[PDB]
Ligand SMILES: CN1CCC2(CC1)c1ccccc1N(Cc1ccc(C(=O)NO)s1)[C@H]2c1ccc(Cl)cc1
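What follows is one chain in structure tokens, specifically the form solved without this ligand.
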């Protein structure tokens, strides 16, 4: 079945941040308005037997001192008195300031994404679900001891760690479709050949987070050399050109790596209508949405997959895209046609889809060849280092 993470408390916590507000509610309510909920298997977020069990789970990646600081930041934001100078210095030491501030539910909010993504990994491992979606997860920037880019705990790293460690040779392919470089996940697995990371994103001078591009092109280290793939793209790319840029890379990675699991971060900030206004992707499903092209391709591999959210700052448009991704996932996994009306159905949040109330977003739609040659050579180097056997000509021809 296709699983999806949701629950009453989970929705309350996912809607508690100052940056993302009620985005998760709009997404889940639009999926519910389109009558998709009965086609999906609810995956409950993971809850623990004790504070010690929760710390053991989160500290599989994060440091205890960072988790302690994040918990303290929540406690302090639950009192009226301002922080002491010492507490401000402590929070600054973990980058819990500026664009990653505290708020009354910061720890419960961050931990909820981890609870959802670990449960989603568990549902794949026990084979209850072929695919699991978590629109409350996908926080790719958080590091071992540092908050970054509105990400406090890295639910993706923790979910991948659960997938990789599920066997007593498991390989995971991580694909990051967000407008931003998936730096936190790439860094977490920089030295591991068992987790291959691939991020497609915009990169340009001063654009966050500044990595995933020429620096030379770094691609992992130690036994993880050649295991971190990146495709930086110039501003203004449309659905067709982004699809042609990533299509052969995705197919080649699947052929060579033969992953046991795929984890996809589907941040919606590439949409033409996102306030970043950098890429020109759509949610159109007749050009065809780059996101839908990539998801349909990944699902065609028939490998257990986790689909996560991420960025997306135009809330109704992110809900429009993720509702289409959810319906496509049902169609591809089950072979059950999911007919979605081009008109938004009446529901609680209907007014947020005005003035047109349509499902399609309101939009009228050599560098890459060099990247393809570079990525092909890196994949050959990865395969050689890891003693994997593949047909070079079968892979060369995809490009």
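Numbering follows the first chain given and starts at 1.
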Indicate yes or no: is residue 167 absent from the model in at least a third of the other PDB entries of this protein that were compared?
yes
How about residue 287: is it missing in a third or more of the other compared entries?
yes
Residue 366 preceded by how many uncoordinated deposited residues after residue 365:
4 to 9
Chain break class for residue 215 to residue 216, judged by how many deposited residues have no coordinates
4 to 9
Per the record, averaged over C-alpha atoms, which has the higher B-factor: 216-224 or 191-199?
216-224
Take the C-alpha B-factors listed in the entry for 32-40 and for 53-61, compute each mean, and give the stretch with the larger one.
32-40
Candidate residues 137, 290, 232, 286, the one whose C-alpha B factor the record puts highest
286
Third assignment of residue 27 from its chain's C-alpha B-factors
middle
Select lowest, middle or highest to describe the third in which the CA B-factor of residue 308 falls within its chain in this entry.
lowest
Compare the C-alpha B factor of residue 81 with those of the other modelled residues in its chain, then answer lowest, middle or highest third.
highest
Looking at the temperature factor on the CA atom of residue 99, which third of the chain's modelled residues does it land in?
highest
Ranking the modelled residues of this chain by C-alpha B-factor as given in the entry, is residue 66 in the lowest, middle or highest third?
lowest
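Form solved in complex with this ligand: not shown, discussed below.
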Can residue 186 be called a contact residue for this ligand in the entry with it bound at 4.5 Å between heavy atoms?
yes
Does this ligand come within 4.5 Å of any heavy atom of residue 243 in the entry with it bound?
no
Residue 83 near this ligand in the entry with it bound, any heavy atom under 4.5 Å?
no
In the entry with it bound, does residue 78 have a heavy atom within 4.5 Å of this ligand?
no
Three residues, 198, 227 and 259; all within 4.5 Å of this ligand in the entry with it bound via heavy atoms?
no
Which of 250-258, 70-78, 178-186, 114-122 lies within 4.5 Å of this ligand in the entry with it bound, heavy atoms considered? The stretch 178-186
Among 190, 284, 94, 107, just one has a heavy atom within 4.5 Å of this ligand in the entry with it bound, namely 190
